[PDB]
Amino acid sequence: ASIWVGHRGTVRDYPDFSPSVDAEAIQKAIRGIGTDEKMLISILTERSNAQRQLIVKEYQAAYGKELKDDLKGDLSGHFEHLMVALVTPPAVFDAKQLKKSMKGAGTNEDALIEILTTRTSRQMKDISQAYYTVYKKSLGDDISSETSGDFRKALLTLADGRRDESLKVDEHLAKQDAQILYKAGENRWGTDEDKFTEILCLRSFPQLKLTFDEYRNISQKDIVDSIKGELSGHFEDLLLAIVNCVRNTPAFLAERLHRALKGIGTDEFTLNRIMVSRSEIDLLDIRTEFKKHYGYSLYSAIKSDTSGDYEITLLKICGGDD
């Protein structure tokens, strides 16, 4: 079973699923004038991504059309994006999200940071393969052309998916690395950024947790305070994201959802990416952390800043109140 499915998702396989039944219902809802969005919503948000792909294969066969194109020609705005995101294979969606983050004059460093720090090593290998297949350029090369300095080096390190996959924790290595981090930053003039990058990007999460514990004992401070006093810019943000994900990935993503839902305006691109990409992995834990940290559920948060068909689809993905 797939590397894209976790133990705490809000979207699961539908036992009574029938691809020909669903494809026929979707074709009816989008064909002719008017669209039955409640129908598209009731089906697609109640099928896992694996089943949706079966709907996709069954729709191209029977109607000679790609469901993605039917959805895009009929739907609009944020609802359209969210609906198209649901029927995209997970590796392909992250690849498209990575490419979107580096297009035009701007560059969305925050999205780059979010994706490269939360995907496991096996997921990154998949994303790199899909990116290469769909864009015919390596992910490393595009990352390289849109970034510079230490941030660039750390992103390229992450894009390779070589973070240690072992399940072992070595007390001895943790103490040694804590000492190297201290010498690389606090203990010298300047900083050996390469060392920060090498340890924080290649040791396993459980190993790093131990390392941060040892770091605190040696330095009398948290690794976060050293990163803040030693580094700056996007490189600093990247390293803090790694530390936050090492301690609690769902809380980091909950914070990202929180920031996308308030302020100057709603960040629908981030909301869509997190809701869809974590729906079959850990959205349930994201919901728990969101409520623990903010005092209100993700569900009520979505209800207060979104509306219409877009709001219903996100509430259905959310799967419940906390």
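Quick note: we count residues from 1 along the sequence shown, nothing fancier.
- Higher mean CA B-factor, judged across 35-43 and 285-293 from the recorded values: 35-43.
- When the C-alpha B-factors of 78-86 and 138-146 are averaged, 138-146 comes out higher.
- When the C-alpha B factors of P250, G233, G73, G185 are read from the deposited coordinates, the top value falls at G73.
- By the numbers in the PDB entry, the CA B factor is greatest at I218 among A154, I218, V243, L112.
- When the modelled residues of the chain are ordered by their C-alpha B factor, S307 lands in the middle third.
- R122: CA B factor lies in the middle third for its chain, per the PDB record.
- Among the modelled residues of the chain, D94 sits in the lowest third by CA temperature factor in this PDB entry.
- Ranked within its chain, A50 lands in the lowest third, by CA B factor from the PDB record.
- Ranked by Cα temperature factor within the chain, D222 sits in the middle third according to the deposited record.
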